[PDB]
Amino acid sequence: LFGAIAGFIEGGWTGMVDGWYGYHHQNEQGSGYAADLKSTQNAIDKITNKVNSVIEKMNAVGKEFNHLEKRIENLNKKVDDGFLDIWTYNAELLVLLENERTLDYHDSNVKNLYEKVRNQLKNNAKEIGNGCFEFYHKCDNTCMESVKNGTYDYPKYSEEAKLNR
Amino acid sequence: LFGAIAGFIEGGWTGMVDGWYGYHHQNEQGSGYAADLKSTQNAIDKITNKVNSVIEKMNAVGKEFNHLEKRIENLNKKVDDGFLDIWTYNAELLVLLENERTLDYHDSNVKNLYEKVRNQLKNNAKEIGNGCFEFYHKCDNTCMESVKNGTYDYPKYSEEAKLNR
Amino acid sequence: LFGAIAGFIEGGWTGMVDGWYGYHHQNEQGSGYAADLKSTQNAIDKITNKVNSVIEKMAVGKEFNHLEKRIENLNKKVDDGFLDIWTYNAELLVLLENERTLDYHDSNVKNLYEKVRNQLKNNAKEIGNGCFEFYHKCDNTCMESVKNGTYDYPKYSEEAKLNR
Amino acid sequence: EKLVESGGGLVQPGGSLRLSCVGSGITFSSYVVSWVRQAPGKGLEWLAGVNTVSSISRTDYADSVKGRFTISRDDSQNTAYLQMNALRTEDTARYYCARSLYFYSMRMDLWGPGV
Amino acid sequence: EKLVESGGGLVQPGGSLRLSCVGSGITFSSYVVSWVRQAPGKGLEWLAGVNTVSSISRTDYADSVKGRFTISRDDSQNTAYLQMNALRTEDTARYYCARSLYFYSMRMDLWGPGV
Amino acid sequence: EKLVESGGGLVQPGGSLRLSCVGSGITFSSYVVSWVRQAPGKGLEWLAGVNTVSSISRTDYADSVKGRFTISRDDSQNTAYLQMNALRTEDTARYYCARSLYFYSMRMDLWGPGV
Amino acid sequence: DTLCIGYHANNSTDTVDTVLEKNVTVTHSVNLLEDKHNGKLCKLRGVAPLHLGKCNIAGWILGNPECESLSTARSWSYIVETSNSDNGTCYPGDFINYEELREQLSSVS
Amino acid sequence: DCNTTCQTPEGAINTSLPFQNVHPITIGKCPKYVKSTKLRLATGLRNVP
Amino acid sequence: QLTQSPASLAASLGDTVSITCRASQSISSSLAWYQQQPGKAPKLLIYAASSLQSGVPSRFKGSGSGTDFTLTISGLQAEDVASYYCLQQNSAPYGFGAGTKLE
Amino acid sequence: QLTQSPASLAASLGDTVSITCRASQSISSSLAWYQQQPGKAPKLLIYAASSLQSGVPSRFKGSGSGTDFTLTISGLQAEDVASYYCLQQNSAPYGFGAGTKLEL
Amino acid sequence: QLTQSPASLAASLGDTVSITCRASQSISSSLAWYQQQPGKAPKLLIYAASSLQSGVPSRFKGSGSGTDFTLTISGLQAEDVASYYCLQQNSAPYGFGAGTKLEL
């Protein structure tokens with residue numbers, strides 16, 4: 001586990017209806033949620049591929065024996081029961097392992113998004129701890145757009161942040 | 001792998017005996033060990049569930065043939081050996097994978113504990129690098145109780161820790 | 001997934017022919033690549049053990065006359081069932097082990113980055129693509145010291161402090 | 001993966017129709033299903049959209065068909081229904097069902113042949 | 001899972017008695033077994049506790065029964081033993097075995113019916 | 001887990017001789033194979049080295065045998081070849097093959113018996 | 001000015017099982033098990049089955065008097081026998097390799 | 001009267017799911033029979049509202 | 001070491017009940033509350049001084065960190081008439097409280 | 001909401017073609033470009049205003065943000081003669097562009 | 001160019017033996033130490049200049065980085081009477097040391 005979905009981010013956002021991972025921003029010109037479309041799309045593609053692989057990995061009547069072929073009848077019952085047990089075991093194990101791996105994958109996505117946002121602002125923001133960053137300068141909508149897209153400008157706001165720090 | 005159990009923390013503590021993961025403090029009031037009980041309890045519950053799931057997934061005599069049923073005897077032997085091989089393989093593989101998953105789970109727990117303490121102390125302490133922080137302020141047992149609980153008061157010591165930094 | 005191999009380090013170095021993970025340094029005495037031999041050797045040993053574990057964990061027909069169709073069908077059922085089970089096992093094992101191996105390499109790179117970060121601390125600036133730019137003059141002795149794990153932080157403390 | 005449309009044909013003005021979009025596969029509850037139409041000589045027009053059963057905004061309609069058209073879903077039968085009422089001559093068009101996955105911001109890259 | 005106590009009954013004063021606590025399952029070496037007793041008209045009283053085999057402190061006893069009672073463990077037979085020596089009249093009580101998992105700081109939530 | 005050398009013997013001065021090192025296993029494409037000779041009375045001498053197929057520096061030689069010797073690889077047949085040309089009397093020695101896994105920086109810990 | 005990183009939540013109440021924990025409520029899930037049937041015998045690829053109502057394969061093959069309804073039977077998708085199919089070899093005796101005949105008639109269209 | 005691709009003694013199955021727990025005996029293209037009662041594969045995140 | 005108060009307490013249905021435990025020294029959150037009915041094994045209610053055991057109704061709550069601990073029963077019901085004990089799990093000679101009887 | 005500028009175009013083989021879309025309000029890289037041939041279902045070319053759909057030749061490039069977006073076809077081929085549409089996927093009533101017809 | 005210092009040394013049982021290698025250039029901890037008995041394949045003792053190969057007794061210790069390297073045998077035993085070689089694994093033409101013969 002990466003300690004983000006139930007970790008330092010303690011809850012999910014019902015108001016974020018555009019993706020799986022995203023941001024919530026609070027400026028002087030309004031608030032709102034906005035999903036990270038690249039991460040969500042990559043995750044959707046990978047999970048769809050996972051489901052397809054699971055279903056494509058898998059890819060029948062009874063016989064009659066009279067009273068003098070009880071051994072063959074027991075052999076047939078043994079074969080059927082053994083194959084049934086093996087396939088049931090395989091199905092349950094596959095589902096159980098894949099569910100854990102999928103949940104870990106989503107947690108990793110959230111953690112990596114947090115790290116990429118943190119590596120941009122650097123000294124210009126305070127890490128509150130609950131997944132929020134509090135800027136030391138005036139982040140308008142252009143500043144937020146730059147942080148989301150990945151083209152934030154530390155030299156540009158560094159002086160104001162230094163003054164307010 | 002999260003690089004904590006054999007990583008930046010290079011050794012286990014035999015002193016720790018109240019839990020799996022935990023803390024060691026060195027105040028002016030004395031030294032001590034103290035386990036993180038919430039993490040340990042959660043880990044114990046999850047691993048007990050893991051062992052029970054491994055158990056719950058798993059849950060005859062021979063037949064005699066005369067000399068004119070060598071084909072059916074060979075079929076019976078083939079069925080028995082095939083099932084034996086499949087089940088041996090399944091048991092070995094399940095144990096081998098589950099062991100790695102358990103060890104990575106413990107590593108993740110230790111790293112998450114380190115992350116949680118770091119995101120709480122911030123600049124009021126200094127990362128020595130071996131697993132510990134040297135506080136820039138002289139704060140007593142109430143301090144470390146607060147850090148362990150998760151109710152640390154950064155503004156309370158922010159000024160005091162600034163002169164020594 | 002640890003977000004290093006395709007993450008904040010966006011490309012692999014084709015000019016580092018010494019190991020799997022390593023360093024690229026640029027001082028005044030020159031540039032160059034140097035692999036981390038300890039991590040690469042450990043990774044190689046572990047992958048060799050993984051492959052061995054995979055390999056060490058892993059017959060003619062019968063004839064029936066026309067009045068023995070049932071046992072013939074039973075034999076065909078046994079053969080086909082075992083074939084399906086073993087094919088499923090092989091594909092599943094390969095599919096899972098590939099994920100685990102790739103995640104293992106990603107974790108190795110991320111741990112190396114974190115280890116280098118935890119030494120230089122505030123004596124260097126994190127660019128964000130994997131590189132640290134020093135606030136002091138690090139010679140080849142400085143670079144080796146960082147690679148070894150014996151970086152002398154107090155030595156280059158004030159000199160870095162003035163430039164930062 | 002395929003999407004097939006059915007339930008079209010000739011309608012008297014003022015009448016009603018129900019179009020059905022049937023999906024092939026097992027992951028239909030993940031589909032966010034949109035209905036588009038093209039008039040004979042005009043461009044693509046987005047009409048209605050039905051969202052997943054666990055969402056907040058379940059249905060969306062264009063202003064040109066709001067109150068006349070209703071969108072609905074049946075995950076058990078793998079079908080999305082478009083019920084059109086008070087049909088007009090301007091509604092003579094080819095109707096297409098398209099699908100995005102999980103959200104309306106994702107790619108709408110699986111279209112039906114039309115009807 | 002479950003814990004069953006056995007080996008009680010009547011003992012003359014000055015006598016000895018060995019009580020056994022047997023657990024069902026495969027995870028018994030994880031158990032941290034403790035003995036509690038309830039005298040008629042008194043409250044619960046913790047007597048002794050046996051730790052896991054790979055631990056520093058192996059046994060621990062209450063001051064009232066220290067030197068008279070001896071706790072022991074047999075993981076192969078899935079049993080924990082309490083040997084009581086020099087029995088007094090005040091030792092007449094219902095004896096219970098509870099278990100915590102791995103550590104004594106964890107939940108002691110599996111109790112036996114008692115003898 | 002084994003490397004076997006073959007192809008040695010008697011050769012006239014000025015002749016040619018090809019030695020082969022064959023490996024047992026499935027991971028031969030990983031090997032970075034190397035040849036080391038030991039002249040009777042003299043010490044160990046690193047002669048040639050073939051790298052993996054996907055590498056940049058595919059082949060390296062010592063200065064003593066550069067131009068006369070040629071190392072080569074065949075992963076399909078699990079073999080590394082050393083072609084010696086213009087053989088001299090000073091080349092009478094014992095030839096060993098060693099592997100160092102993926103890079104020449106790793107352990108060269110699998111030696112063949114010699115030839 | 002604040003910017004927080006978060007993830008999606010919704011009204012879904014569907015649950016999955018994991019090795020470490022059970023009954024995990026998740027946002028989205030797919031079902032891999034079918035437990036529903038229409039409770040009817042039905043044509044396979046448009047071909048109706050051959051229903052031996054009161055007869056068995058012995059009675060149908062031999063032409064039991066209580067099986068005249070089964071004399072006109074050209075093609076079928078599968079054969080259906082009932083649990084109370086008693087009408088068979090009406091005259092006492094033994095059907096030799098009866099099970100072999102049943103096996104050969106299970107590959108006959 | 002029907003048109004199905006999978007027939008069991010208990011009734012026909014109209015599904016494309018990989019598994020079933022209806023009946024072992026099948027005719028046609030049918031899903032694999034297992035003794036399980038719940039096989040759900042997670043796609044989305046853990047729901048923490 | 002562990003002082004439990006009051007020894008007995010009579011309350012009516014629907015009321016709120018507080019049972020207090022005081023420790024001689026500082027035990028950090030290592031307290032458990034057990035409900036026992038006559039002649040039966042004790043049943044755990046709250047562990048870690050604040051954690052509610054699975055299957056226990058949310059009427060029971062626990063509080064306290066160092067030396068003062070409280071068990072609160074909100075909305076007393078007829079099935080809550082039992083004895084209540086407090087257990088420490090910190091110092092090597094582990095022990096119970098005196099016990100509180102609820103009527 | 002969405003205005004597609006050319007509404008008609010005549011380009012020769014091998015030329016470079018630019019089709020621009022302008023939005024009434026910022027939609028933040030939620031614009032997709034589709035190619036439709038007469039009587040056939042639309043085919044997705046560009047999503048997220050810059051991402052190339054799998055199987056689509058690299059002659060197609062999308063670029064834009066906010067209110068202005070452009071689709072560039074470099075090295076026009078004979079199979080690129082069709083209609084092109086822009087879809088916005090941001091606001092609750094979703095919509096297309098008016099349509100641009102590419103001719104020789 | 002690797003220079004092996006002693007080139008011959010006589011030592012008794014239980015004594016401590018030091019073998020020194022010097023490099024013309026700087027090779028960052030890319031030295032290996034091999035033990036050879038006559039007419040047999042060499043056996044790795046030390047790799048990375050300080051790492052002990054599995055199965056090798058702890059009597060063998062390696063030290064040094066840069067240009068100076070040392071192999072120390074503490075508690076010499078009769079099975080340690082053999083030749084010792086140093087392999088450099090840094091520069092493109094790899095090579096061994098001259099060879100040190102350990103005698104009694």
# chains A, B, ... in the order shown; residues from 1 in each chain; ligands from 1
>>> closest_atom_pairs(of="range 9-105 of chain D", to="range 19-34 of chain A", cutoff="10 Å", atoms="only C-alpha atoms", output="JSON lines")
{"residue": "D:102", "atom": "CA", "partner": "A:19", "partner_atom": "CA", "distance": 8.0}
{"residue": "D:103", "atom": "CA", "partner": "A:19", "partner_atom": "CA", "distance": 6.5}
{"residue": "D:104", "atom": "CA", "partner": "A:19", "partner_atom": "CA", "distance": 9.0}
{"residue": "D:105", "atom": "CA", "partner": "A:19", "partner_atom": "CA", "distance": 7.7}
>>> write_last_selection(atoms="C-alpha atoms", output="PDB file, in the first residue's frame")
ATOM      1  CA  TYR D 102     -17.000   5.601 -16.638  1.00  0.00           C
ATOM      2  CA  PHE D 103     -17.227   9.388 -17.380  1.00  0.00           C
ATOM      3  CA  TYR D 104     -18.394  11.776 -20.155  1.00  0.00           C
ATOM      4  CA  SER D 105     -14.902  13.292 -20.311  1.00  0.00           C
TER       5      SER D 105
END
>>> residues_around(residues="residue 106 in chain C", least_positions_apart="2", cutoff="9 Å", atoms="only C-alpha atoms", output="VMD selection string")
chain C and resid 1 to 6 101 to 104 108 to 111
>>> residues_around(residues="range 97-110 of chain A", least_positions_apart="5", cutoff="7 Å", atoms="only C-alpha atoms", output="PyMOL selection string")
(chain A and resi 1-2+4-5+21) or (chain C and resi 1-2) or (chain G and resi 18-19) or (chain H and resi 41-43+45-46)
>>> write_last_selection(atoms="C-alpha atoms", output="compact mmCIF listing (two decimals), in the first residue's frame")
# COMPACT_ATOMS: atom_id res chain seq x y z
CA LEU A 1 0.00 0.00 0.00
CA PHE A 2 0.99 3.61 -0.68
CA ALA A 4 -2.95 7.75 0.24
CA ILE A 5 -6.55 6.68 -0.47
CA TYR A 21 -8.29 11.47 -9.49
CA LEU C 1 3.82 1.35 -9.32
CA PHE C 2 6.33 3.88 -7.96
CA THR G 18 -9.52 -9.10 -1.03
CA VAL G 19 -6.97 -11.43 0.56
CA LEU H 41 -13.85 -8.05 -9.99
CA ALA H 42 -13.05 -4.55 -8.76
CA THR H 43 -12.47 -1.74 -11.25
CA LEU H 45 -11.39 2.84 -6.12
CA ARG H 46 -12.33 2.01 -2.57
>>> residues_around(residues="range 33-48 of chain F", least_positions_apart="2", cutoff="9 Å", atoms="only C-alpha atoms", output="number ranges by chain")
F: 21, 31, 50-52, 59-66, 69-71, 73, 80, 82, 90-101, 104, 108, 114; K: 85, 87, 93-99
>>> select_by_dssp(residues="range 2-159 of chain C", states="strand (DSSP E)", output="ChimeraX atom specification")
/C:22-26,31-35,124-126,132-134
>>> residues_around(residues="residue 19 in chain H", least_positions_apart="5", cutoff="8 Å", atoms="only C-alpha atoms", output="list in words")
residues 32, 33 and 34 of chain G; 31, 32, 33 and 34 of chain H
>>> interface_residues(of="chain D", to="chain H", cutoff="10 Å", atoms="only C-alpha atoms", output="list in words")
residues 24, 25, 26, 27, 30, 76, 77 and 102 of chain D
>>> write_last_selection(atoms="N, CA and C atoms", output="mmCIF file, in the first residue's frame")
data_model
loop_
_atom_site.group_PDB
_atom_site.id
_atom_site.type_symbol
_atom_site.label_atom_id
_atom_site.label_comp_id
_atom_site.auth_asym_id
_atom_site.auth_seq_id
_atom_site.Cartn_x
_atom_site.Cartn_y
_atom_site.Cartn_z
ATOM 1 N N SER D 24 -22.322 -5.471 -26.708
ATOM 2 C CA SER D 24 -21.733 -6.801 -26.629
ATOM 3 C C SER D 24 -20.568 -6.761 -25.656
ATOM 4 N N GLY D 25 -20.630 -7.587 -24.628
ATOM 5 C CA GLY D 25 -19.578 -7.675 -23.645
ATOM 6 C C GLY D 25 -20.162 -7.882 -22.271
ATOM 7 N N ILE D 26 -19.321 -7.702 -21.257
ATOM 8 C CA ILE D 26 -19.723 -7.869 -19.873
ATOM 9 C C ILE D 26 -19.597 -6.571 -19.086
ATOM 10 N N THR D 27 -18.859 -5.595 -19.614
ATOM 11 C CA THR D 27 -18.638 -4.325 -18.926
ATOM 12 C C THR D 27 -19.519 -3.222 -19.515
ATOM 13 N N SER D 30 -20.273 0.031 -16.992
ATOM 14 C CA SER D 30 -19.263 1.075 -17.070
ATOM 15 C C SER D 30 -19.513 2.046 -18.212
ATOM 16 N N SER D 76 -29.029 -5.099 -16.803
ATOM 17 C CA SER D 76 -29.231 -6.541 -16.842
ATOM 18 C C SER D 76 -29.361 -7.035 -18.276
ATOM 19 N N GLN D 77 -30.064 -6.280 -19.113
ATOM 20 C CA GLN D 77 -30.253 -6.634 -20.511
ATOM 21 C C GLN D 77 -29.254 -5.961 -21.439
ATOM 22 N N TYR D 102 -16.992 5.077 -18.026
ATOM 23 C CA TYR D 102 -17.000 5.601 -16.638
ATOM 24 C C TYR D 102 -17.431 7.061 -16.603
#
>>> residues_around(residues="residue 49 in chain G", least_positions_apart="6", cutoff="7 Å", atoms="only C-alpha atoms", output="list in words")
residues 43, 76, 77, 78 and 79 of chain G
>>> write_last_selection(atoms="C-alpha atoms", output="mmCIF file, in the first residue's frame")
data_model
loop_
_atom_site.group_PDB
_atom_site.id
_atom_site.type_symbol
_atom_site.label_atom_id
_atom_site.label_comp_id
_atom_site.auth_asym_id
_atom_site.auth_seq_id
_atom_site.Cartn_x
_atom_site.Cartn_y
_atom_site.Cartn_z
ATOM 1 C CA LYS G 43 -33.876 -24.710 -29.239
ATOM 2 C CA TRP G 76 -32.434 -32.557 -33.288
ATOM 3 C CA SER G 77 -30.040 -30.417 -31.285
ATOM 4 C CA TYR G 78 -30.030 -32.698 -28.240
ATOM 5 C CA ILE G 79 -32.003 -35.523 -26.666
#
>>> residues_around(residues="range 46-57 of chain C", least_positions_apart="6", cutoff="9 Å", atoms="only C-alpha atoms", output="ChimeraX atom specification")
/B:89,92-93 /C:93-94,97,101 /F:27
>>> write_last_selection(atoms="C-alpha atoms", output="compact mmCIF listing (two decimals), in the first residue's frame")
# COMPACT_ATOMS: atom_id res chain seq x y z
CA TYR B 89 2.17 -26.57 -7.78
CA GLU B 92 3.94 -23.88 -3.55
CA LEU B 93 2.98 -20.92 -5.73
CA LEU C 93 2.39 -17.06 -13.97
CA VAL C 94 4.16 -15.18 -16.76
CA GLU C 97 5.75 -12.19 -12.75
CA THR C 101 9.63 -7.61 -12.10
CA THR F 27 19.56 -17.88 -19.59
>>> select_by_dssp(residues="range 18-146 of chain C", states="alpha helix (DSSP H)", output="PyMOL selection string")
chain C and resi 37-56+69-120+140-146
>>> atom_distance(atom1="CA of residue 63 in chain K", atom2="CA of residue 20 in chain K")
9.8 Å
>>> atom_distance(atom1="CA of residue 16 in chain K", atom2="CA of residue 30 in chain K")
24.2 Å
>>> closest_atom_pairs(of="chain A", to="chain D", cutoff="8 Å", atoms="only C-alpha atoms", output="tab-separated table")
residue	atom	partner	partner_atom	distance
A:17	CA	D:103	CA	7.6
A:18	CA	D:103	CA	5.9
A:19	CA	D:103	CA	6.5
A:37	CA	D:105	CA	7.6
A:41	CA	D:106	CA	6.7
A:44	CA	D:101	CA	7.6
>>> write_last_selection(atoms="N, CA, C and O atoms", output="PDB file, in the first residue's frame")
ATOM      1  N   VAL A  17     -16.968  14.582 -10.349  1.00  0.00           N
ATOM      2  CA  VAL A  17     -17.746  13.692 -11.193  1.00  0.00           C
ATOM      3  C   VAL A  17     -17.158  13.594 -12.600  1.00  0.00           C
ATOM      4  O   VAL A  17     -17.841  13.167 -13.526  1.00  0.00           O
ATOM      5  N   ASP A  18     -15.875  13.866 -12.768  1.00  0.00           N
ATOM      6  CA  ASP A  18     -15.311  13.913 -14.140  1.00  0.00           C
ATOM      7  C   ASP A  18     -14.133  12.961 -14.250  1.00  0.00           C
ATOM      8  O   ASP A  18     -13.646  12.766 -15.369  1.00  0.00           O
ATOM      9  N   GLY A  19     -13.689  12.389 -13.143  1.00  0.00           N
ATOM     10  CA  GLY A  19     -12.659  11.384 -13.225  1.00  0.00           C
ATOM     11  C   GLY A  19     -12.473  10.693 -11.898  1.00  0.00           C
ATOM     12  O   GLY A  19     -13.267  10.863 -10.973  1.00  0.00           O
ATOM     13  N   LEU A  37      -7.372  14.254 -16.309  1.00  0.00           N
ATOM     14  CA  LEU A  37      -7.900  13.392 -17.361  1.00  0.00           C
ATOM     15  C   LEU A  37      -6.864  12.387 -17.844  1.00  0.00           C
ATOM     16  O   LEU A  37      -7.216  11.264 -18.214  1.00  0.00           O
ATOM     17  N   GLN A  41      -7.621   8.452 -17.703  1.00  0.00           N
ATOM     18  CA  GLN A  41      -7.701   7.726 -18.965  1.00  0.00           C
ATOM     19  C   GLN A  41      -6.719   6.564 -18.994  1.00  0.00           C
ATOM     20  O   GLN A  41      -7.059   5.461 -19.444  1.00  0.00           O
ATOM     21  N   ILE A  44      -8.123   3.846 -16.790  1.00  0.00           N
ATOM     22  CA  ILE A  44      -9.249   3.164 -17.419  1.00  0.00           C
ATOM     23  C   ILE A  44      -8.752   2.187 -18.469  1.00  0.00           C
ATOM     24  O   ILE A  44      -9.218   1.043 -18.544  1.00  0.00           O
TER      25      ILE A  44
END
>>> closest_atom_pairs(of="chain C", to="chain G", cutoff="8 Å", atoms="only C-alpha atoms", output="tab-separated table")
residue	atom	partner	partner_atom	distance
C:67	CA	G:100	CA	6.4
C:68	CA	G:100	CA	7.3
C:69	CA	G:100	CA	6.9
C:70	CA	G:103	CA	6.8
>>> interface_residues(of="chain G", to="chain B", cutoff="12 Å", atoms="only C-alpha atoms", output="list in words")
residues 17, 18, 19, 20, 21, 22 and 23 of chain G
>>> interface_residues(of="chain A", to="chain H", cutoff="7 Å", atoms="only C-alpha atoms", output="list in words")
residues 11, 12, 13, 14, 47, 55, 60, 61, 62, 84, 87, 88, 95, 99, 102, 103 and 106 of chain A
>>> interface_residues(of="chain J", to="chain A", cutoff="9 Å", atoms="only C-alpha atoms", output="number ranges by chain")
J: 28, 30, 48, 90
>>> closest_residue(among="K:55, K:75, K:39, K:66", to="residue 24 in chain K", atoms="only C-alpha atoms")
K:66
